[PDB]
Amino acid sequence: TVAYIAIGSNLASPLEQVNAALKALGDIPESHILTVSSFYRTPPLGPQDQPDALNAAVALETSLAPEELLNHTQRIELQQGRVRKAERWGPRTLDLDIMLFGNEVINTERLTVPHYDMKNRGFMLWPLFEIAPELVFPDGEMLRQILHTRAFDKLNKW
Ligand SMILES: Nc1ncnc2c1ncn2[C@@H]1O[C@H](COP(=O)(O)CP(=O)(O)OP(=O)(O)O)[C@@H](O)[C@H]1O
Ligand SMILES: [Cl-]
Ligand SMILES: [Mg+2]
Ligand SMILES: [Mg+2]
């Protein structure tokens, strides 16, 4: 299966956090990285004074079950960051979100795939399009056709 994972960081030098996360992602069992998008800069969306975020997407080949992949991405977040309660509302060292798990639809307490809001997030869609321009969502919509609406500015590189 190919899983598409969103990576975001806006704390403790985001490029360091993202490159460190890539190394950890490459160490997930029964899996390996196929490709990684360019790195995109996303200004804060709103009034809060937070650092710019670095956003990217990774295509990971894996024979793990979706829940097993999530185990590993959560583990990486917990191990790499100086994890804080306050990261839920402020700057955050690392966020690894499973955007897509192959063509599968998962609706469970722990795990919802496709990511519930990704179709509203240019900082997810644009890096995904860079690595998977031919992608079609489980609901049959083409990624290219979503972006061709021009509803999402193509983000600047990091
Ligand atoms: N597709 C998915 N990828 C990652 N976590 C997911 C997920 N679907 C559900 N979750 C759940 O989301 C929980 C909270 O994760 P958080 O990273 O704190 C949310 P977030 O990424 O800050 O918000 P967002 O999902 O709006 O981007 C996880 O513990 C996990 O159980
Ligand atoms: Cl879908
Ligand atoms: Mg997130
Ligand atoms: Mg998350």
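Every number in this text was worked out from the coordinates using simple rules, so none of it is lab data. Cβ: placed from backbone, ideal geometry, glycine included. Neighbour counts: every protein chain shown.
Of note:
- Note on the stretch 1-91: enclosed strands (runs of 3 or more DSSP E) holding 1 or more residues that are within 14 Å of ligand 3 (Cβ to nearest atom) and of a type outside the set (K, R) are 2-9, 40-42, 53-62.
- Among the residues of the stretch 103-124, just one is more than 13 Å from ligand 1 (Cβ to nearest atom) and under 21 Å from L69 (Cβ atoms), namely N103.
- Listed conditions (1) within 11 Å of ligand 1 (Cβ to nearest atom); (2) in contact (Cβ under 8 Å) with a residue 60 or more places away in the chain are all met by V58, apart from (1).
- Applying the condition of being part of a helix (DSSP H, G or I), more than 16 Å from ligand 3 (Cβ to nearest atom) and among the hydrophobic types (A, V, I, L, M, F, W, C) to the stretch 113-158 and asking which residue is surrounded by the fewest Cβ atoms within 10 Å (Cβ to Cβ) yields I146.
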